[PDB]
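>>> PDB entry and its sequence, pasted below:
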Amino acid sequence: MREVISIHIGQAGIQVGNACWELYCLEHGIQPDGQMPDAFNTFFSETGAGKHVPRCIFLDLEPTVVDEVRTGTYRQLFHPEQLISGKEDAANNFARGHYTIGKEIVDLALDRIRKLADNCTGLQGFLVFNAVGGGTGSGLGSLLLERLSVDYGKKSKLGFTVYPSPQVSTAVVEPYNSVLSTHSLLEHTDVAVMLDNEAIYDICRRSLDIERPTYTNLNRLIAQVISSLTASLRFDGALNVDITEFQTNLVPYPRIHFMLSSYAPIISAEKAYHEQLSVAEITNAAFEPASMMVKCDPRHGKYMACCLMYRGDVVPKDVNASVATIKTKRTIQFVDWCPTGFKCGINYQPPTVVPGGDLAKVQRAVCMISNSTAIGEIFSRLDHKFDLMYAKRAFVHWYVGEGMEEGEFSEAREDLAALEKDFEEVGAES
Amino acid sequence: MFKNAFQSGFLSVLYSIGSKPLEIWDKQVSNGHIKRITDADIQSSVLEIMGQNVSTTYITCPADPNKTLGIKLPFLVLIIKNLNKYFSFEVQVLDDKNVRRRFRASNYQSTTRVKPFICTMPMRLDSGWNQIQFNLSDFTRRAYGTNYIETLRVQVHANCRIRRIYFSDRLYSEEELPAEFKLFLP
Amino acid sequence: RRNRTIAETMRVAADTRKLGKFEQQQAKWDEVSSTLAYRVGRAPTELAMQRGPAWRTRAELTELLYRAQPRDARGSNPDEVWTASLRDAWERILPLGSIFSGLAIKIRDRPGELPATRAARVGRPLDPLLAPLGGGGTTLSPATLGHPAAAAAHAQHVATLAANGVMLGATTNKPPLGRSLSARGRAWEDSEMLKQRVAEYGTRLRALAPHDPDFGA
Amino acid sequence: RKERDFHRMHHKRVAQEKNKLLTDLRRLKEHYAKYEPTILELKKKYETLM
Amino acid sequence: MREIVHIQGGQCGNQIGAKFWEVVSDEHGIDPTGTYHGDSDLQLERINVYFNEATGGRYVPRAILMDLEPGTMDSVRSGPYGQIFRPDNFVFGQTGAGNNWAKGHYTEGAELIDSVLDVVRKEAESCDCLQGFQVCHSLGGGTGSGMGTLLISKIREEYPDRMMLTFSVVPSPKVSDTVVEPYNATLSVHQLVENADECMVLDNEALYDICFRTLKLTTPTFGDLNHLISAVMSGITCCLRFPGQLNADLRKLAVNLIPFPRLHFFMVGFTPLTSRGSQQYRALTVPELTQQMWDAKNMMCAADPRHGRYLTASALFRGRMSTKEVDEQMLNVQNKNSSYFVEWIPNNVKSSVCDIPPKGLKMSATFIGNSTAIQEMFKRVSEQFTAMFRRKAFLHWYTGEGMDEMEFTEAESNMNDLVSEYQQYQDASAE
Amino acid sequence: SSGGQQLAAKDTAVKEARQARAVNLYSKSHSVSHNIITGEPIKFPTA
Ligand SMILES: Nc1nc2c(ncn2[C@@H]2O[C@H](COP(=O)(O)OP(=O)(O)OP(=O)(O)O)[C@@H](O)[C@H]2O)c(=O)[nH]1
Ligand SMILES: Nc1nc2c(ncn2[C@@H]2O[C@H](COP(=O)(O)OP(=O)(O)O)[C@@H](O)[C@H]2O)c(=O)[nH]1
Ligand SMILES: [Mg+2]
């Protein structure tokens, strides 16, 4: 049976998962008590008499975001052993999350990963939610994904990493923890989908017409992306597009596996009635650079491979007629060696809406996961950011004293140049 | 067979020139033909195997499937002409652990594959005629930890022109080659 | 150097072009790799186009590790282990749907042996870019696991630089040269955690796979 | 002026981190020096026992 | 007593074949439960061609369903007319091939081939006098294009005297539904030229134009295209199941439509299609169906038949019609535009009639065409191949499953050989 | 026994759920309310 295991690492991992697991409960009707009043088998496992538990572990070194779930409205849904906590946090230190503190808690993390994998019949993949700009989200996630590649082979890893923006970020040492995590997210993660913070702030500011939203409103429509890409396993549709379709169709070369994300209908309640949710409208709106969840200009680069995840009353013709107009437009440039660029998945369920959420109840939706060479421009922003800070070796003795040698920064930065030189290698026309 | 009849040095297993070339070799054809043709450059009668399918037509040295062959020599030398077509030959050996290991070289593959029972090999050849020096001991030592003892089966299933396939103890060039083994005669 | 139907004239000489297209494609790939390498500024073996054998040997390591794990690392499922081991045959029936219109998944999994269609250790001895590796293939020994020579060379280089006391990230005017993980010995295969896992599962790994072949010759 | 400021900054930082790691070595020394008298007396007890 | 084994591979093969058994059950009167409720004896005269009689007098289809993902069989089984099939015939996997030809044909599909071939051998040996094996699958995917062609190669070795009717959809020209369409299409066509006896070519884009221009369906659903495809499949086998003045079985079609052993790719089309706004104004006669038969817009193939010459075309007429109207209309279509037909085969048209029209129509016809214009389809996919092949893009997923890169060059050099003989037969002239 | 009657009731509930899912699949697998090929109305097939 289709069965996924999701891992949430770091303070961004739980808070996205809090918004994620709010949505999967309403999709299958699961109450916060954990009782439904066969499609639930992916993200939930039946337990005893009518009780369903999530197939997830919430691990974080800091106990603040973990016990908030333990005292929250979902205190009966999660297994108490699944919520793994620690004494002290990594405290924005990649060396603390990977060498000193992260060694003791990763043994208990794999004890429940093994327990979750044994109970379910067929694994389909791994869904990791973390922020590479933090200590636990990067350092402990680097060690955890290193375990999962060396132990659980041939099962794909879906990476949803919150990534720093050049315009604004909320930590001084964002360049270090993100550069040091680049080695782990290259070799180990099979599929990595990028997310950026204030690129999705502008989604709320412009599309949702809200001037002052917060992290709670930020992560709810992240869960819209996560649920839409996994919705083909849960519910029947015209084109059943599973997890293993993403790895076989969105990456041509095994280390350039970085893809974008974009949700097409992002409209409020009062804007929903005036505007006509046409399939040609949402497909045009999805490919618009404004609707991307990371700051990329697709005009700068070329598309490599695009996956389209349609939901609701989408007939298989309007998906074809809308995307045929996409190829004819000049502003959407594809790479020369990939004539067959699109992957279309059509599902048969409208997206659910949470009570109190900003998003309106819409008949149709598009979630596009696309590979582009403009994704290399994100890492170029972090490149000069790292080298200017590393020139005077500021904020280094925190990493040096916590197990790491000073040389580890050198191959980590020079690993990032291998990622940059790969993107402008594959973008070169022949 | 061929265990008591052991000759020092070379041991010719199949020679095309003679009153009856296919003296010990079994024959098998399917949408193909076996044809003794005198070629152009050598002007000598050589056997030819042709077929539209590689795996269908073959000739095997042991005629009965139950019977086995024995040569203790670690070299197999075949003189074949490159037809710019598929070639394929297969040699089965008995290793140290009394196990049957089949080394099977072909022209239609570029990467070698080592399964626990059968190893598959690429073959690249020059333009015209050629001799191929299949080193039994070296190839079985590279493929597996065991060492060569004897060769049980040799079988060409290909589109080729064969003459002078034989077994050798070690590499022997033209100036120390015996009288009738040349095919070049300088 | 220097009567029959059209279908037969195609079919007779078709296998010659079957041969010829591969060396035509190999020459085309060599010139594309050289032009791309000169355009982007890296070695031809360093290029992203030539990462196929690395993914192949990664797949072989993962499959051998999964088939040579112990029972508890593979899975401690009480139904799976017991109902697979109820007799000499190892098959489990996985029900799907209700009992009325039900479907069955017949999982067959024999421990300690690779499947016949999966037991293959594939390497390439003809592509020249893997000549320093001596034939890109799967190695199950911890000493030769991954890329050991380049890792040792990089370790010697960084030890020599540390002993000489030079500083490398001093200037922002000089961008670093873009070498790959396989060049630094920091690929997936060269991980210390595969090293220790293969070391701890080494005996049954050699039970499944008897010898690591050297594909150079 | 800027170039000498660069090199004196680097010399200062390397000297500071050398002193920090030296003090860490001092702390390790004084922390594991306590295991020496107990192993001395236990070895003497072993020798007298044999 | 002639009888066809149905094999449905992949998401496309299961979804189309679910709709295919809807027509066949309705034509033979089999209810949703499976029991016979026909109103004519002629339906029950030949049921053993597709159905096996079980307990209670209900009939189970002779269909074997295969896919490596359990999602597709849940839709087939739980859907309407889904209880007729046998759960033992639902031979299926768990891991999922996932659009990869290497996974379906070499590694992951191979552990299920010994299971699917066991239930095909059971269905083949139990029944008395086989015709062939009708297989419905795709070519852009990897689970049905991969595992299906492994069965086709394997079932040819076991039964070499039986035919292989393959209904394979191709990549669309305007759109790609999977990113690896040129990889899977070229690697499967090469596996079909030497194995499949005769091939029917379909695509989504040609059926989209049919549903919009002629049927006037502005929102043609996923099963509306399958209904048009299912009507073609029943039209191929019409002379077997029902009598007629000129019966033509599967072997008569292939001995007529195949001049040379590798020119066995055909384009198809169902003739009596009209919208409800124009149903009451259409005069359904032999000239009216023949006018709609030979039109390019009625074909279910992306290749435009005006570009090349029809080497051989066949039509499987149904309905109480006169043979002379069938005779003189197909004589007239050759003479009016003889440039669009080949010249060295006289009498290109294979005409046959079946006296029982389908349910709801007084007259119908199913057209088969061996046109050399279909070389434009293989030229397009090979053009998409060399663009993707020259950079090794999306190639390590194929070679990571033990596949050599020789099979890529093996595949397209048979594809290039296939398109080369199509061009040379069109250019060739007699005297 | 009462367990047998309960099993029969559970089987009937399973049949009702399968009928509902089949109705959903047919209703959103057929677009227009009329047969595409022939003049015939579209009905859910029951027997
Ligand atoms: N999208 C999203 N990102 C968040 C959210 N909360 C925090 N983040 C990101 O996470 C960063 C904050 O540090 P974290 O990575 O969460 O810290 P951590 O993972 O717990 O690591 P330690 O604090 O050292 O234990 C911010 O820069 C944000 O970019 C959230 O609710 N939604
Ligand atoms: N006409 C038609 N085409 C279909 C149907 N289902 C899938 N396809 C085509 O099949 C291709 C994708 O095949 P896929 O689902 O990946 O097959 P799989 O790999 O075997 O699972 C697409 O190009 C679709 O257009 C169907 O019901 N009808
Ligand atoms: Mg934290």
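Noted; the coordinates are in hand. Residues are numbered from 1 along each chain as shown, chains lettered A, B, ... in the order given. Ligands and ions are numbered 1, 2, ... in the order given.
>>> who's in contact with the residue nearest to residue E:417 when sequence neighbours are not counted?
Of all residues not flanking residue E:417 in the chain, residue C:14 sits nearest, at 5.3 Å (Cβ to Cβ, 6 or more residues apart in numbering or on different chains). (Each C-beta comes from the backbone N, C-alpha and C, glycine too.) For residue C:14, the contacting residues are E:413-414, E:417, by Cβ atoms under 8 Å, 6 or more residues apart in numbering or on different chains.
>>> residue A:342 now?
The contact partners of residue A:342, by Cβ under 8 Å, 6+ apart, come to A:306-308, A:323, A:326, E:175-177, E:179.
>>> can you give me the strands in chain B?
Taking DSSP state E, the strands of chain B run over residues B:11-14, B:26-28, B:32-38, B:45-51, B:58-60, B:75-81, B:88-94, B:100-106, B:112-114, B:118-122, B:129-135, B:150-156, B:160-168.
>>> partners of the fifth one in the sheet?
Based on DSSP bridges, the pairing partners of strand B:58-60 within the sheet are strand B:26-28 (antiparallel), strand B:150-156 (antiparallel).
>>> could you dump the last one to PDB, C-alpha only?
What follows is strand B:150-156, C-alpha atoms only, in PDB (Å, rounded to 0.1, in the frame of the first residue of the first chain):
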ATOM      1  CA  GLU B 150      39.600 -26.900 -17.200                       C
ATOM      2  CA  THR B 151      37.300 -25.700 -20.000                       C
ATOM      3  CA  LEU B 152      34.100 -27.600 -20.400                       C
ATOM      4  CA  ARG B 153      32.400 -25.800 -23.300                       C
ATOM      5  CA  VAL B 154      33.400 -23.500 -26.100                       C
ATOM      6  CA  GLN B 155      30.700 -22.200 -28.400                       C
ATOM      7  CA  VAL B 156      30.500 -19.500 -31.000                       C
END
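>>> contacts for that strand, please.
Contact with strand B:150-156 is made by B:13, B:49, B:58-62, B:68-72, B:76, B:78, B:80, B:87-94, B:100, B:102, B:136, B:162, B:165, B:167, as judged by Cβ under 8 Å, 6+ apart.
>>> just the buried members of those residues?
If you count burial by 16 or more other Cβ atoms under 10 Å in any protein chain shown, the buried members of the contacts of strand B:150-156 come out as B:13, B:49, B:58-62, B:68-69, B:71, B:76, B:78, B:80, B:87-94, B:102, B:136, B:162, B:165, B:167.
>>> check which helix or strand covers residue E:313.
Here residue E:313 sits within strand E:310-318, counting by DSSP states H and E.
>>> any idea which residue sits dead centre in chain F?
The centroid of chain F falls nearest to residue F:19 when counting by Cα atoms, centre = their mean (3.0 Å).
>>> how near is that one to ligand 2?
23 Å (Cβ to the nearest ligand atom, to the nearest Å).
>>> can you check the distance spanned by stretch E:131-148, start to finish?
Terminal residues of stretch E:131-148 are spaced 19 Å apart (Cα to Cα, to the nearest Å).
>>> what about that stretch and chain C, any contact?
No. Remark: stretch E:131-148 sits outside contact range of chain C, by Cβ under 8 Å from any Cβ of the partner chain, the gap being at least 12.4 Å.
>>> can you lay out the strands of chain B as CSV showing distance to residue A:103?
CSV is the format used below for the strands of chain B (distance: least, Cβ to Cβ, whole Å):
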stretch, distance to residue A:103
strand B:11-14, 64
strand B:26-28, 64
strand B:32-38, 66
strand B:45-51, 63
strand B:58-60, 60
strand B:75-81, 56
strand B:88-94, 50
strand B:100-106, 46
strand B:112-114, 38
strand B:118-122, 43
strand B:129-135, 50
strand B:150-156, 55
strand B:160-168, 60
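>>> of all those, which one is nearest residue A:394?
With distances scored as Cβ to Cβ, the stretch of these nearest to residue A:394 is strand B:112-114 (52.8 Å).
>>> deepest-packed of the strands paired with strand B:58-60, please.
Of all the strands paired with strand B:58-60, strand B:150-156 has the most neighbours on average by mean count of other Cβ atoms under 10 Å in any protein chain shown, namely a mean of 21.
>>> contact partners for the closest residue to ligand 3 within chain C?
In chain C, the residue that lies nearest ligand 3 is residue C:193 (24.3 Å; Cβ to the ion). Residues near residue C:193 by Cβ under 8 Å, 6+ apart: A:146-147, A:150.
>>> which parts of the stretch 301-431 of chain E are helices?
Ranges of helices in the stretch 301-431 of chain E, per DSSP state H, counting those that start in this stretch, are E:323-336, E:375-389, E:396-399, E:406-427.
>>> pull the helix or strand harbouring residue E:19 out as PDB, backbone CA atoms only.
Per DSSP H and E: residue E:19 is located in helix E:10-27. Provided in PDB are the C-alpha atoms of helix E:10-27 (Å, rounded to 0.1, in the frame of the first residue of the first chain):
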ATOM      1  CA  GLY E  10       0.000   0.200 -17.200                       C
ATOM      2  CA  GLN E  11      -2.200   3.000 -16.200                       C
ATOM      3  CA  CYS E  12      -3.200   3.700 -19.800                       C
ATOM      4  CA  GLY E  13      -3.900   0.000 -20.600                       C
ATOM      5  CA  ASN E  14      -6.000  -0.500 -17.500                       C
ATOM      6  CA  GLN E  15      -8.000   2.700 -18.000                       C
ATOM      7  CA  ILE E  16      -8.600   2.100 -21.700                       C
ATOM      8  CA  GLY E  17      -9.300  -1.600 -21.200                       C
ATOM      9  CA  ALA E  18     -11.800  -0.800 -18.400                       C
ATOM     10  CA  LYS E  19     -13.800   1.100 -21.000                       C
ATOM     11  CA  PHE E  20     -13.100  -1.600 -23.600                       C
ATOM     12  CA  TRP E  21     -14.900  -4.300 -21.500                       C
ATOM     13  CA  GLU E  22     -17.800  -1.900 -21.000                       C
ATOM     14  CA  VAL E  23     -18.600  -2.000 -24.700                       C
ATOM     15  CA  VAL E  24     -18.000  -5.800 -25.000                       C
ATOM     16  CA  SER E  25     -20.200  -6.600 -22.000                       C
ATOM     17  CA  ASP E  26     -22.900  -4.300 -23.400                       C
ATOM     18  CA  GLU E  27     -22.700  -5.800 -26.900                       C
END
